[PDB]
Ligand SMILES: *[C@@H]1O[C@H](CO[C@@H]2O[C@@H](C)[C@@H](O)[C@@H](O)[C@@H]2O)[C@@H](O[C@@H]2O[C@H](CO)[C@@H](O)[C@H](O)[C@H]2NC(C)=O)[C@H](O)[C@H]1NC(C)=O
Ligand SMILES: *[C@@H]1O[C@H](CO)[C@@H](O)[C@H](O)[C@H]1NC(C)=O
């Protein structure tokens, strides 16, 4: 089926630098159905990117999504202290949703 | 009674209306919609459109219909150019970039996109054709890069046919970009597949 | 203006059943699809299934065929999921999510924890 895999499973980053997350589908998908989310412990998922690139309302322009086919990415331009969270990709086509495990972006 | 086709899907219109990138006017993007259900009341009732004009149909009757096919043509133009996207019109877009047949059935929908398309230094990714030797026929796409004349010579002259527009936050309304979607309908003499939300019975 | 509102929960014994409601607001209940997503503690998200109320079509994730019922009641703009015969491996947070046609954006409710124990 449509299986998303994220990479790397974990990151170790300085606050203030740039970093990216990769999402790879088993089969190609339309970019119109990809989204990125983040969570802080105890919280509901927050939408960051939808349609594989549009920025969700209320999200600062540090977050930029792109991609096509099977290969998609999320870039965070500065990794502010508030950006350290678990992140993940979702495919939300009409027949089946799939969520991509998740990556933990750590500070250290 | 209500006896519509046994459709099991909702129509993929998000891809048409809520895309991050729109085609330029000379290279407008056509998509086909088929074998699905759509509630046109919702889109119509939304106050976001500055233009919503139908030809051959009335917006309020759309849910009682089912179409052979629906084609969605999307692109970006200036606000003052909205006037040209209509049957019976002439002008550089109506004649060189996007021509509608004069006998037209469907709806023209448009809204201001200054917040998405204008860039601080000018969004020069949007281009318009200024030069063409003759007018377009309905639904043609002139995506050529041929060069046009001035004086009576071969190829002063040699004009590149396309002109980018400075879509910038500094623009007054007539110069703000607008996103346009045209829904062209095929209907009646057909095994129609795109239906409104009706409760088929018996 | 879309908002999804969910109720709280507790179950006192495996083998029992939990029914969770999601009230939609902001209009456009129709012409939308409603999905249910589960998050077990320590896990990521998984889709359980979903429904399109105006087609009245329900599609279940394969691992949840059996036990799970997804239904909807458009007259009150709501949707439900019921998970019967609970086994305590399912003491997860259950979220409803909605997407309208004419859009791409996905709306989420406030997931509710269903805890099942003696
Ligand atoms: C993607 O769609 C969202 C949601 O738009 C709403 O639903 C549409 C079907 C239509 O009826 C819109 O007018 C509704 O607002 C867009 O988000 C809105 O953007 C405007 C700015 O143009 C802002 O004032 C609203 O608050 C936003 N609403 C929400 C819920 O976020 C979004 O801009 C669209 N993205 C693209 C690329 O078109
Ligand atoms: C599908 O819809 C057509 C509409 O005319 C009808 O003739 C046909 O019997 C329907 N099929 C089923 C399985 O109901």
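Quick note: numbers on chain B are straight from Swiss-Prot, i.e. 326-480, 486-532, in order.
Method reported for this entry: electron microscopy, 3.3 Å.
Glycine residues also receive a Cβ, built from the backbone N, Cα and C atoms like all the rest.
Database features (Swiss-Prot):
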- B:336-B:361: disulfide bond (DISULFID)
- B:379-B:432: disulfide bond (DISULFID)
- B:391-B:525: disulfide bond (DISULFID)
- B:480-B:488: disulfide bond (DISULFID)
- B:331: N-linked glycosylation site (CARBOHYD)
- B:343: N-linked glycosylation site (CARBOHYD)
- B:448-456: region 'Immunodominant HLA epitope recognized by the CD8+' (REGION)
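Location within the structure of each feature annotated in Swiss-Prot.
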residue	record	DSSP class
B:331	N-linked glycosylation site	coil
B:336	disulfide bond	coil
B:343	N-linked glycosylation site	coil
B:361	disulfide bond	strand
B:379	disulfide bond	strand
B:391	disulfide bond	strand
B:432	disulfide bond	strand
B:480	disulfide bond	coil
B:525	disulfide bond	strand
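Listed as Cβ neighbours of the region 'Immunodominant HLA epitope recognized by the CD8+' (B:448-456) (distance under 8 Å, sequence separation of 6 or more from its ends, same chain) are residues 349-351, 401-402, 417-418, 421-422, 442, 467, 473, 489, 491-498, 507.
Gap in the deposited chain: 5 residues are missing between residue B:480 and residue B:486, whose Cα atoms are separated by 11 Å.
With a cut-off of 8 Å between CB atoms and residues at least 6 apart in sequence, the same chain places B:332, B:334, B:335, B:336, B:337, B:523, B:524, B:525 near residue B:361 (disulfide bond), listed in sequence order. In this structure, the recorded positions that sit close to ligand 1, with a C-beta under 6 angstroms from any of its atoms, are B:343, chosen from B:343, B:391, B:432, B:488. In this structure the alpha carbons, written CA, of residue B:391 (disulfide bond) and residue B:331 (N-linked glycosylation site) are 12 Å apart. Checking the recorded positions B:331, B:336, B:361, B:379, B:391, B:432 against ligand 2 with a 6 Å cutoff on the Cβ atom leaves B:331, in sequence order.
Nearest Cα neighbour of residue B:432 (disulfide bond) among the listed recorded positions (B:331, B:343, B:480, B:488): B:343. Checking the recorded positions B:331, B:343, B:391, B:432 against chain C with a Cβ-Cβ cut-off under 8 Å leaves B:343, in sequence order. Among the recorded positions listed here, namely B:331, B:343, B:480, B:488, B:343 has its C-alpha nearest to that of residue B:379 (disulfide bond).
Under DSSP, the residues of the region 'Immunodominant HLA epitope recognized by the CD8+' (B:448-456) split into helix, strand and coil as follows: 0 helix, 3 strand, 6 coil. In sequence order, the recorded positions near chain A (CB to CB under 8 A) are B:343, out of B:336, B:343, B:361, B:379, B:525. Using a 10 Å Cβ-Cβ cutoff, residue B:331 (N-linked glycosylation site) registers 7 neighbours.
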